[PDB]
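This text opens with one protein chain seen in two forms, each one given by itself as structure tokens under the names structure 1 and structure 2.
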Structure 1
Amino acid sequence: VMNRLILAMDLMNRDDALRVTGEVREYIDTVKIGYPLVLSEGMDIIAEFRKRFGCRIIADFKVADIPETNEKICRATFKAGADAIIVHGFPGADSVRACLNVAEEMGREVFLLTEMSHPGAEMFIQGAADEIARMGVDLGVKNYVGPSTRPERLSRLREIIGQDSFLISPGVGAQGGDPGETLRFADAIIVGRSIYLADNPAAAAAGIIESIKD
């Protein structure tokens, strides 16, 4: 991804979301769109962003249901124009396979969520994370998400998934993660509030990019 930086666009109104994305588009060609924006403005926002910024879109929908429902969610998301979808591994292999099957049908990509970045991740996810990642490998998953806030965990994850898997990492900035340290292990970093709540988002994005071209 351009500059190894993915914008997490979690503003909840279309005008603000369009403005910030336009302001930072010269620094970022991949945008992660989640339920805060989609549930506020509708699924058509995905095609609109694709048409107007010519950016890749990762739908961060944390898909976490039974296989049959996961199938439906993925089909609707790809129909809406998303390039990739983010899915939870905690619900098990059949749930993940359901998403992979639809991605195969539609010529799209699935990212598998291993350990999460927030404090509560320590309670249940952290203990299962290595096994979730190994499940991913055994299902043929090639794209993974792991936590900027715990680089020792991001190292262990990289160790499991190998160097050819693609790894993106949220929790940079607002949640306490560091761009440079995270990029020792991840291929790209995801950044939301540090950019979109900044007084000057373009300056925020530019600062991040200069701190990692080093």
Structure 2
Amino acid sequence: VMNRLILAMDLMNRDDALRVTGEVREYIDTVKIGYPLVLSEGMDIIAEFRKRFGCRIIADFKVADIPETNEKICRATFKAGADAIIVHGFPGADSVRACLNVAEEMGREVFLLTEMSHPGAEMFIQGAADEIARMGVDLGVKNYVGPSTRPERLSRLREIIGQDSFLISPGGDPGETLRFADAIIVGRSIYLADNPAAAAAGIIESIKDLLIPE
């Protein structure tokens, strides 16, 4: 949200993760954290980022279980401090709804992952992408996460979810991506930079130059 830039904190050692995040806090307030960091350092790391830096945390857990278990995963995740959680749609409407129910009760957010673009994604994901996105619309999902690369797929997703829905995705960027996504997710280009704060600053400048309405 802040500056339409989300940091994908994918480092696995706690020191570097905390260091880099604090260094860019001036320009980025939203950070995405996945399982590798959480499983190695504990869920308390989420609480630490929020408590210590006041950032918003998106748990990229790609939740993909049956309804009752999804509910428990979301509860434990929101209890630990996450503001939002990323959920798979392939498991069906029921499994997504369970996540929406907990988010509703706790005042948090669910991001629906509609497709992936890694090799192998063409086997089952690509073919179900539009239908999964439409299922999200039918479920009242308001936040979506896009695959990656291929700007043409992004345009398609936006057409399905509408102008009102919130869409985030990784990376002529940031411009190409932000023609359709509301915020761009950036990891390496920032956390592997000699001066992370400088890299974030540079990208934010590019983003502001776009003069994006609303």
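Reference numbering: structure 1, starting with residue 1. Basically, rigid core = biggest C-alpha set you can superpose within 1.5 Å across the two forms.
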item: Comparing forms between structure 1 and structure 2 after core superposition, the one residue of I73, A80, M135, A121 displaced by 2 Å or more at CA; value: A121
item: Backbone CA shift between structure 1 and structure 2, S148, after core fitting (angstrom); value: 3.8
item: Backbone CA shift between structure 1 and structure 2, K51, after core fitting (angstrom); value: 1.0
